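Please find one structure pasted underneath; my questions will follow.
Per-chain residue numbering starts at 1, and chain names A, B, C, D, E and F are given in the order in which the chains are listed.
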Amino acid sequence: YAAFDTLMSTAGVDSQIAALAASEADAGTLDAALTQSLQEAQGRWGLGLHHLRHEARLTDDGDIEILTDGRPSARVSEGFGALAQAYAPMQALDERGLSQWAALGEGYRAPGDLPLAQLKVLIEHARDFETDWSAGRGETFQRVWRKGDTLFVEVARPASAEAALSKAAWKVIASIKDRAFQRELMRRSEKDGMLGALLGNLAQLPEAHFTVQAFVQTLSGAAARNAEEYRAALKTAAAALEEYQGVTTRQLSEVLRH
Amino acid sequence: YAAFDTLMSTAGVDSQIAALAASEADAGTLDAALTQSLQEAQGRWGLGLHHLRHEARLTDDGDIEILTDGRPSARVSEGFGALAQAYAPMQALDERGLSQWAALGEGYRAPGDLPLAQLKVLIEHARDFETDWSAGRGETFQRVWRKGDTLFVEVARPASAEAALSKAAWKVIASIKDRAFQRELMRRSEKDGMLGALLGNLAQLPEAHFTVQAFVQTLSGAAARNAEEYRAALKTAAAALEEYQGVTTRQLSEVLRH
Amino acid sequence: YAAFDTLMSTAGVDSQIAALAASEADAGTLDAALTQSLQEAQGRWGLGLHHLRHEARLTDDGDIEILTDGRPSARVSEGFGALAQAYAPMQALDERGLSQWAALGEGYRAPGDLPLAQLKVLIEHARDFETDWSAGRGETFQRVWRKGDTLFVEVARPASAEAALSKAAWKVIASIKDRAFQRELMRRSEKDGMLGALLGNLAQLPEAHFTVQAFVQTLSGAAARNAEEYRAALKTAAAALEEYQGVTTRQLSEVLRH
Amino acid sequence: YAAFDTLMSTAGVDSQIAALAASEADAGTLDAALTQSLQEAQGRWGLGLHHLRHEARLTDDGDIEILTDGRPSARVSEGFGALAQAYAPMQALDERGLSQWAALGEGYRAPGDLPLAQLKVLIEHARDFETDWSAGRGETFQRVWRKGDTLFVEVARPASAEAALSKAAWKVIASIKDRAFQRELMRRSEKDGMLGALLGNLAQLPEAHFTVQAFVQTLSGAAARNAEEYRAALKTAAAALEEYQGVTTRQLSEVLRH
Amino acid sequence: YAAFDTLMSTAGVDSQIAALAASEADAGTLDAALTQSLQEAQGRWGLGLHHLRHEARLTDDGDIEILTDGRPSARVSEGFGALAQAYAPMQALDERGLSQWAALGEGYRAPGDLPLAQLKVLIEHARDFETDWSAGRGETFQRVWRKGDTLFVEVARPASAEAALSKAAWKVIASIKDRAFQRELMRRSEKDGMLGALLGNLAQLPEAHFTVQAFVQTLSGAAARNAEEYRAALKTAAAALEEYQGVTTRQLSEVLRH
Amino acid sequence: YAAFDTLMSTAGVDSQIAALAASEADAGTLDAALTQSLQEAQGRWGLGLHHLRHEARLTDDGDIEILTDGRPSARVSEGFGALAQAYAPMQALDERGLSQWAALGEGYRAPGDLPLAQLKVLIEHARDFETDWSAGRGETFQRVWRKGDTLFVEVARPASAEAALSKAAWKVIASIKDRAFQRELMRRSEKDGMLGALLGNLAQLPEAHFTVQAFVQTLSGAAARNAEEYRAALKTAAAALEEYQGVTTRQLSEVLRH
């Protein structure tokens, strides 16, 4: 039970599965809680599998199996690296790291070249619409889509799990006041890299497979159609991304320090 | 067989059912031909039943029954007035004569107050969208919607079947060179009306129940997304409306002349 | 003019209106001829509107309007079905099809349970008297009343216009020597009925609204008081009913044969 | 006022006009009381003027005028002999003293030769019927008629006012115990009569012009149709006749005694 | 007996029959007294029946019968109106009210146009002579005749009994000091007359049938031939007329006053 | 340093590297100790890589790299599974699990079908000779070869590391006195197997990659040529195999018990 919490902790989703499993809750409630957390985790992982139906259920074998559009991909006790090697073939990333898949599925997708003027009309007067990726604030990207009575905004800053481990390794290496040890790690970083130099291991760690690369902000009802509030969710998602991406680089520095 | 042709002739649709029934065609082909003609007729009648699934099939009793969303409404041998009293309760007309129903069904409908600027975006970048009624060229109205990969434009000039019989009665009455008989019909028109004066009967005539009030122009593929060609179909539908509405007022003058 | 003749032909009354209209007769004579024929027709139709003052007059609009106790009910050019839907609310039929109205109006009505002994006294010694309905010869009924110096006898065999069309349809269907076509009409008669099977239309036909259901035999002077001659008019009315009802079922078979 | 009471006292009708005139009642009430009493008096006088509309009204000249079908006949202050000479020409008596007029007016009248069997039918099943005169119990006569919802029975024993004065004169003359005076009146009765002998004068007396010759018993509602109760009113009228005719011969003996 | 006194009191003749009947006088004396009084009454009544032999006799029936030239006219107990209707057909009055009959009978009658000079010769030297009517003093008339040794002078002022009742009614009506009641009787006199207004009845009164209209003064012996004394009897008769006619209008005012 | 001891402990070779690294010994001595232990371990692992020159040396990066015929295969800190996936492609196992490679290399190899008579001659009179695999005592196999002045005997009982983990799992599962839990593990063993049932993980354990499958007994000098002593080393190697294979199945039961 605690392994799924650490697997859901790499996306900013507090599942409380270890507390819900001990809460003596029925299987119908446990399955719904584990399913609603992996969906909020898949939206923060940047996998771009929104077109897939993510689900989770506990097996009678004493394990938890992941579900994707009907077919089982992997199990919980099979390690955090087995699930990453299962959703990777179902994911298509471009040269920037974004998902080329459309969240709505088969249909039309407006390009990222569309001005903000034509977007307010598709937010106030349209039914179903999906946009591609466009350059956001700073070095980030953003995409929007609306399905049914719910509007979704996914501001993303692509960053792989390996690149995330190398960034946190250079932060703890630069914070070394000992100039002799800081030079020794800088000499080994020229060949093995920033990660292999600080270590002179983390294959079972969940942070080495899934990282935070996007944020999903939702809106339903009449707010999902007002163009003024849509401009307030893109900043609420870009700020929830800077805080989430700023907290994972700090939790990773507390582990590689040893 | 010939009754369905006259019933389809009041909407500008040449069904050729009397030629197809004598063509020794199978029932599968006869049902498809009668179904594709009533759909093109319902779109030219102005009933606004586009949200309903119109169908037609020949019965083993030797008759033809009309179909609407599964439930049979009326039969062909039951007269052209029985079908009009069946689709009227399923139709909702405002004070102008237009259908308040949305062609797409449940969802959002952009109002007729939207400028043409926000419409090109919903034609070039949107998936499913439907508009309400707006004032068109002259004294006409227009509405547009797109379902799947097909875009539909329905320019409409509301005119009931009774108002159509009264207009054709004043045209033949004004064309009377005999000033004495023209004055006599004008004296009886002050009470009985323009129709009851020329007649001093047409309950079994199909033109007294269904009239032309709109035109349906369709486009599929990439043409259903280009905003330049969408501006060419609205005029192709408004011209196909002036010609169709101009030919029904002439065929009605050739009958009331007797 | 010819429409009122066919409307008066369904009751065995030869009005000769088409010959009287062309006879260049004044309006006073034309109104009296059309009025005396509808009264003799209403007495043979079984409507039981004898308590109402039936009248008819030609309108200056080129039409003929029916009159009943002062208020206009319908017009001639309004079809033979409009007049039937107008006199029906003024008619009250029991479970047998007879008129519950008293021909004399407000007063006393002797029941049909009265013997023939007490009737001769009311025929020879009474002034105004009216009887209710009693079972006549065969499956018929009979009623008698006397107003002023005129005695009236109305032998009736109730039969609606729809039941009359179904009886004539089974006679032409039984006369089919072709056993294959006779079986085909018998197979469709199990659901649509005897009328809908022979037809695989007659809404404008006058025979589909008014049928012969009674006969009115009158007597005035001293003959309207002799009990011996009153027994001779009831048979003269029951025989004039079998012949009239036997001729309408033959004229209806000559139309449905096509 | 008191003269109309004595004029109404010769028919067994207590009018109480002298008490009603002093009762300070309006003219509308006084006219109705005097009218309802002369009608009940005319029915007991045997005049047979039931076909005439009897009425009475007080004149502004201080007198009371009699009314019959609209035209004034006589006045009250003109003596009781003037009214008798006015209704006599409007009365037609046969050789027996009965009124040949029919109470119902123009129409049919069943003869007195009709058995009681055919009468119960005309009482239970008929509307309006009137009978002629037939020999009743003893030396009396009887006639019946029904108008509207009221049945009337008039048992009559014809007796003129002059014959009534001669009968009461022989009763007081036979009651004379003095054989000498009884013989003297019998000797003068051989020429002058029974009346002129007892007197050796009464022209102003109301009893010398109007006498009781019939009785009117009425019934309304459902009782006016039951044959069992009709047999109870004929005896209630024949007994009310023997008592009324037996009391007038006693009041006349109390006057001629002087 | 007292009825003949009141019948003789309307002519100024005091018969005293009620005193003579109680005087136990024989029938021969009673007949002579009643005969001599009716003759003096007929001469004062103005009936002009002097040519008739007036007589009166009491009947054994207890009544008194009037006699005129042998044939009985009426009886006393038959009322004072029966005798007036009996002597009227035997009387012939002109337009002035005088009797056209000659008192002497068949013969010659000198006209009223004769001067007084030729009259003295017919009074002093003639035997039997009779004059017609001539205008007397004032508005009166006079006539003279002589039969045997008796000369008769009849000064007359014609006045019917009805006109006498109307004159006495205007005298009591004019003597009304109450101006309101005098106006009320004057308002009813415009239609009913002066008699019917004061009464708002007197058919049995003798004054309503016989009135004083002449006076008979007689002379016999040598005085019936002296012309000087004949001029003294005409004034003695004209004065006995003004007093008698002046006393009847006073006795009539004492009766109508009630 | 301690990881290479656990990596050398799965072959019955006590390297004492953690004690030699802390012994402050030079790199020349540390490299020789780590090299002589992996060679004695590769001979007990059954890999059949005797034809390859196995070597080991500590890297200046703080790690230990494995060496095989000159080319580096893997490193020590790369896990015990990386080295197993490196020597597997250099190993060729038949259907029984034995190495098809000849220990001497290119040359001739006497088959296992050779009798023991012809083997004593090749042990007492030959120089270089190598034998293939032949069925040994029980279910084991054996092979012999001599290179230079040293004779080698390798008695082998093929058993993969996965089959070794499944055997130790059935021993701890059969030793369960709790019959309910023993039945539950037997129910899950029908599908997941004996290993997956006891666990309801050991990827980083060295015992899950390298197991004991053979024993290498050596002899040099004149003893490497006496046929009597060669028969004493094959039993000294088959007994050193039963003890080594009997001690690894006991150390594996002490780990899977948790």
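Keep this in mind: a contact is a pair of C-beta atoms (placed from the backbone, for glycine too) under 8 Å apart; a residue touches a chain by one contact, two chains touch by 3 or more.
Molecules present, by chain and UniProt name: A, B, C, D, E, F = DNA repair protein PprA.
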item	value
Listed chain pair A-B, A-F or C-D that repeats interface B-C [over half of contact pairs the same by residue number]	A-F
Contact-richer chain pair [A-B vs D-E]	A-B
Averaged-CA centre spacing for the pair subunit D (DNA repair protein PprA) and subunit C (DNA repair protein PprA), given as whole angstrom	54
Distance from subunit E (DNA repair protein PprA) to subunit A (DNA repair protein PprA) - Cα centre to Cα centre, in angstrom	158
Chain centre separation in whole Å, for subunit F (DNA repair protein PprA) relative to subunit C (DNA repair protein PprA) (CA means)	120
Touching two or more other chains - residue numbers and ranges from subunit A (DNA repair protein PprA)	none
Subunit E (DNA repair protein PprA)-touching residues of subunit D (DNA repair protein PprA), taken from the complex the two chains share	61-63, 77, 79, 188, 192, 200-201, 203-204
Residues on subunit A (DNA repair protein PprA) engaged by subunit B (DNA repair protein PprA) in the complex (per definition of touch)	104, 107-108, 110, 114, 118, 121-122, 125-130, 225
